[PDB]
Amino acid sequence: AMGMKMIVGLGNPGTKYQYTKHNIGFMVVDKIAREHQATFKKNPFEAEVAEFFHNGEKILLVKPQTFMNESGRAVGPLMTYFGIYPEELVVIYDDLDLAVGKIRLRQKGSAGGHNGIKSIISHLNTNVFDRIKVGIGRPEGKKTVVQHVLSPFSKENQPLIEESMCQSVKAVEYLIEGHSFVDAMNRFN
């Protein structure tokens, strides 16, 4: 297996969570959908799945609907459903260790305390897979981590988060146009 076939954006289902930091993965793949104008359908593997085409090939966008900490429960089986492997995966999600307005691309690494990534590592039996970390900043003021990730972005940070979602979409476009992930790392890191 080689070549990107699936982009997973992490987050929690429901209107309550739709603008919270921990749903930044949902937001990016939503943006990627609208700029491919593509359609998300409920899927039996506890996910919303959209499909679009580039040249003659299918690219899938996935929003697990399990809640964050059980994301792998959707992603592992869904990936088996389409016959795809961790090498063909890109996961997009929120990174506390990155400032709002920044993104980082990585090929591997531990969950580092992110329980959605922990679930995907568990269900895939590897921590080697491409990912786009979208900065959500360290917890602001006196908030706990959970209060921080389960709350919206501040007015100050809204233009910065829009910039980093634009950059995340540009990185994905770069991948869809055929550049390698190493190439994308050189360009966006």
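The first residue of the shown sequence is 1; numbering continues from there.
* Taking the recorded C-alpha temperature factors, which stretch has the higher mean, 29-37 or 159-167? -> Averaging CA B-factors over each stretch, the winner is 29-37.
* If you average the CA temperature factors over each stretch, which comes out higher, 126-134 or 51-59? -> 51-59 has the higher mean C-alpha B-factor.
* **Deposited CA B-factor, highest of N43, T66, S154, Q147** => Max CA B-factor in the entry, restricted to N43, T66, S154, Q147: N43.
* Quick one: classify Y93 as lowest, middle or highest third of the chain based on its Cα B-factor. => For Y93, the deposited C-alpha B-factor lands in the lowest third.
* Third of the chain's Cα B-factor distribution that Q18 belongs to, per the entry -> Its C-alpha B-factor belongs to the middle third of this chain's values.
* **B-factor third for the C-alpha atom of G76 within its chain** => Middle third.
* To do: Quick one: classify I176 as lowest, middle or highest third of the chain based on its Cα B-factor.
  => Ranked within chain, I176 CA B lands in the highest tercile.
* Lowest, middle or highest third - CA B-factor, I84 -> For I84, whose C-alpha B-factor we compare with every modelled residue in the chain, the answer is the highest third.
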